[PDB]
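Coming up, as structure tokens: structure 1 and structure 2, two forms of one and the same protein chain.
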Structure 1
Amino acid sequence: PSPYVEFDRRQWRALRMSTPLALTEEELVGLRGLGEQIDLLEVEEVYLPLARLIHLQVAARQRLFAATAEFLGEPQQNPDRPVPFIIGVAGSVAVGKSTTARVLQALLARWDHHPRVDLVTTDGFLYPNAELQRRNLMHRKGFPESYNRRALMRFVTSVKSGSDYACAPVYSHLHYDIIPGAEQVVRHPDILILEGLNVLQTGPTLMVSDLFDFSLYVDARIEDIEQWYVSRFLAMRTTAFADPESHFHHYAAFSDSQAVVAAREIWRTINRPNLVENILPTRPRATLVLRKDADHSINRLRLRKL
């Protein structure tokens, strides 16, 4: 067959699992907190079992650190604690990577084995617009060479080294740019989740995904992502684009049909080809592939056989 265990949505719901996990209320509220109309039943029935499965791998890895150091008789060059466990999250623009990552961050943090869960986006590793322009790369923003790969690699290397201090830059969607002087600090978390278009992309030598212990790809039909993309663009007319200072402000004025035309064109010329050429070929590289239906609900989980 294949290197994956496949469950469709029914098959997965059917599963007679070995613990009731039960979200508090409390937790259900916190999950509504980031609630871009987050489906709480799906968080509970799909993501929570999911996070438990990841938990098992984090915990196993914690014990392996311990057993290994015991064997070595705890040499001075060995770290005193397991380095952070790194989870990559990949997928198209508008597939909902980000919400997926934020859910997992909250769900994974409820175990005492690893309460400290961080979330970094590779958006912060895009070259500033100014630099991107100097390189004649603006039409290519979001494509592989539009990221400071050297810096992104230094960052993840540093976190995997168990260094207790590592900075990422920050990117503002509002301004469509890197915020000068802004940094996010990461202090040896138990889990780092690294979310981005490009986390499973491949390169000539050691690549960031070589430092991952788990990774997911959020999948859906290309037609469906297109519709979610267009719907998001029109909704931003009245949120992010409403705000002046948003350098897509001139988009807040577009009528529905004018905004559709414009959104479709950014889709067909930039995001869809990025997906076909650079993001989609990384799908088979993830530990877990979650496919979404048109209504955003998960209709298929593929997980690496253990």
Structure 2
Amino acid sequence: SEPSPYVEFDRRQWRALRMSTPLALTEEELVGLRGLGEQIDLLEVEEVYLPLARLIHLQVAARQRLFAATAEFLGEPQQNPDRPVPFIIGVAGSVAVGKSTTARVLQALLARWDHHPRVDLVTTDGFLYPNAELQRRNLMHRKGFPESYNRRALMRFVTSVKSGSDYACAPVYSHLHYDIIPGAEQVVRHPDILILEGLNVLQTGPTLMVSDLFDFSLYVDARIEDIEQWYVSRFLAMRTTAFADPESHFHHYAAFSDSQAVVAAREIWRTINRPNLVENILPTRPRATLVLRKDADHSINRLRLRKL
């Protein structure tokens, strides 16, 4: 007898909402989107992602009719090929939670629909300030925090795209170089669906922000303590991986021993990622349209949907 804005699901029940939804993705292509540590198999794609894709594609149609209503109020025509208001999806979660993978997968699944939609993916890491300006603000120790990103630029970019611009541009970020790529840019030209993935993308504030432009939002959740381990394991793993390359802004880590590294990583987590996570990311979870709850083994076996 107690109504709720949320609907809780166990994967076993959620998996049934897939219905006819075809699986237009392969085992190959899947590993080509898989992220370091993420153990996502086709089964999870069919049981978790496909239902989500169906939910989203049902929403896109209706949400665009809603904007069209306002356009009709403004005496504004739907000139040219009815260029519907792009549908914006936000994907957030902690560092090392798996959100990068989630978004790449969602883009693929969402893209492979019979009416062939234009689906773009944009990570907000490209809106982080170059390291230079990052120190001119004494924020190199807070990289990842809301402040470390150019929120006005990010808001403009998304506002321009949802506004109907023929095109808009974003910077590009280099994870190896740990910094923005000079002159490098990412162009987005009037997509049917735009997905924005990043740490604080769901953050709120005194002024309208990108979170206020999302038509749907995804939050990748995990036991805080479980993510710490994922982060470390990935740290160590990366020693013999990305770091190795001398061009790694962190090559000085490759030489670390299991112990040393784990010690270094754990500290970084305690001083930067955990705080940002707790102070800025978690707080947004309640308003996310859909929460993907992962177990210590990376498997998403539980979800929380906002039906209201």
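Only residues modelled in both forms are compared. Counting starts at 1 and follows the sequence of structure 1. What we label the rigid core is the largest C-alpha set whose atoms superpose within 1.5 Å from one form to the other.
Chemist: Quick one: lay the two forms over each other on the core and tell me which of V260, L28, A252, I270 moves its CA by at least 2 angstroms between structures 1 and 2.
Modeler: None of the others reach 2 Å, which leaves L28.
Chemist: If I superpose the two forms on their rigid core, does the C-alpha of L72 end up displaced by 2 Å or more between structures 1 and 2?
Modeler: Yes.
Chemist: If we fit on the core, is the Cα of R149 displaced 2 Å or more between structures 1 and 2?
Modeler: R149: C-alpha displaced by less than 2 Å between structures 1 and 2.
Chemist: With both forms fit on the core, is the shift of the CA atom of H175 between structures 1 and 2 2 Å or larger?
Modeler: No, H175 moves less than 2 Å.
Chemist: What is the Cα shift of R63 between structures 1 and 2 once the core is superposed, in angstrom?
Modeler: So the C-alpha of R63 has moved 4.5 Å between structures 1 and 2.
Chemist: Look at the Cα of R9 between structures 1 and 2 with the rigid core superposed and state its shift in Å.
Modeler: Its alpha carbon moves by 2.3 Å.
Chemist: Once the rigid core is matched, what's the CA displacement of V218 between structures 1 and 2 in angstrom?
Modeler: Residue shift at the C-alpha: 0.5 Å.
Chemist: Core superposition done; which regions of 3+ residues show CA shifts of at least 2 Å throughout between structures 1 and 2?
Modeler: Only these runs move by 2 Å or more: 9 to 38, 59 to 80, 112 to 115.
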